[PDB]
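> My sequence and its experimental structure, below.
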Amino acid sequence: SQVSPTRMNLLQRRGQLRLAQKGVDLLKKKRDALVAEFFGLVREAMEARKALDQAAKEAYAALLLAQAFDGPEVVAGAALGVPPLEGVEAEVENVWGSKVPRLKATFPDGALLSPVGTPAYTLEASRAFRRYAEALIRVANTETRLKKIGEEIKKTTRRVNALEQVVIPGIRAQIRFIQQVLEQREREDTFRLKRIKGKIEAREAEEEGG
Amino acid sequence: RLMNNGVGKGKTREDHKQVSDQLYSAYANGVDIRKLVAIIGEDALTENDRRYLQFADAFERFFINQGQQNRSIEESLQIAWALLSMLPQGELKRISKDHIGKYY
């Protein structure tokens, strides 16, 4: 446990305030940018996604003239058109606490090129993956962005607060603590010096008058 | 300082001395929550807080003010009890159950 030092430190802790006060000045508007850039992405996300997600099933579920029970047959029958279930190009990108990696796989999913002649409905029904799958990849890189930008936002403003209502007003109180403590010392000056005068003159009016 | 003096039976009601202390820590742990909200995440804090939260409000803008107007130890204590109700009886650990059965 300790208080501070006692002097000069006043000035230093003032440049503490400078550091803080000015630091935190800018500390928001660091984040102003990122919050700014954030809105566009919020907009963009679901657009194509909602559209063709619904259009995947459109024919798919709705062409079971054979496809449901001869779904078995066909679904077997045309299964595994190109299933690597892989494509990861791992991407790193600015995210605070760790630049989190995102990534995209990128390979087909079936739609009118699948092996063998076979029935007709099949292939179009298989086509649906373009519109669940392929398109669903878009959210694989956009939906993570929302959380990532969260992290930052939150963590940052978190400090804002702390600095703003813990650090600063405390260290404010530091400055004071010094100030007054220097001051009362300065009484002593006055008093000591005070006494000196009384003596020097009180002593001397007795030589020429007594 | 004084207070555990001039309280209790035959001087005042006998539940006074007790219903102090309950309130004390109750309100206490209310604001306490409200601090930490602003740090990690508001709704990332314990769910059995939200009531203790709201309990801080009641004692807040509901009770404290009373404008200008005469009041009475009676009328006071009556609404002093009002405070407790919302939080369970099973959460009031600094008072015995007899006064709880005196009122609620």
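Sure, I can see it. Numbering: from 1, shown residues only, chains lettered A, B, ... in the order given.
> how close does the residue nearest the centre of chain A get to chain B?
The geometric centre of chain A, computed from its C-alpha atoms, lies nearest to residue A:152 (Cα atoms, centre = their mean), at 0.3 Å. Relative to chain B, residue A:152 is positioned 14 Å away (Cβ to the nearest Cβ, to the nearest Å). Where C-beta positions appear, they are placed from N, C-alpha and C, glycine not excepted.
> Touching, that residue and residue A:33? I think so.
No - using Cβ atoms under 8 Å as the test, residue A:152 is too far from residue A:33 to be in contact (10.8 Å).
> For chain A, what's the nearest residue on chain B?
Chain A sits closest to residue B:38 of chain B, with a gap of 5.6 Å, by Cβ to the nearest Cβ.
> tell me the contacts of that residue?
Applying Cβ atoms under 8 Å, 6 or more residues apart in numbering or on different chains, one finds that residue B:38 lies in contact with residue A:161.
> and the residue nearest to the centre of chain A, which of the three is it?
Going by DSSP: H, G, I helix; E, B strand; the rest coil, the secondary structure assigned to residue A:152 is helix.
> how about it, what does it touch?
Listed by Cβ under 8 Å, 6+ apart, the contact partners of residue A:152 are A:31, A:34, A:95, A:96.
> quick one: which of those is nearest residue A:147?
Distances from the contacts of residue A:152 to residue A:147 were compared by Cβ to Cβ; the smallest belongs to residue A:95, at 9.3 Å.
> Can you tell me the closest non-neighbouring residue to that closest one?
Closest residue in space to residue A:95, ignoring its immediate chain neighbours: residue A:148 at 4.6 Å, by Cβ to Cβ, 6 or more residues apart in numbering or on different chains.
> Now do that neighbour: how many residues are near it, please.
Counted with other Cβ atoms under 10 Å in any protein chain shown, the burial measure for residue A:148 works out to 18 neighbours.
> and if you look at the one 5 residues further on?
The number of residues packed around residue A:153, counting by other Cβ under 10 Å, is 15.
> element containing the closest residue to it other than its chain neighbours?
With Cβ to Cβ, 6+ apart as the measure, residue A:35 is the residue that lies nearest to residue A:153, at 6.5 Å, once sequence neighbours are left out. Here residue A:35, judged by DSSP states H and E, is contained in helix A:9-44.
> Report the distance from the helix or strand just after that helix to the chain centre.
Sequence order places helix A:47-60 as the next helix or strand after helix A:9-44, per DSSP H and E. If you compare the mean C-alpha spot of helix A:47-60 with that of the full chain, they lie 33 Å apart, counting by Cα atoms, centre = their mean, to the nearest Å.
> Thanks a lot, see you next time.
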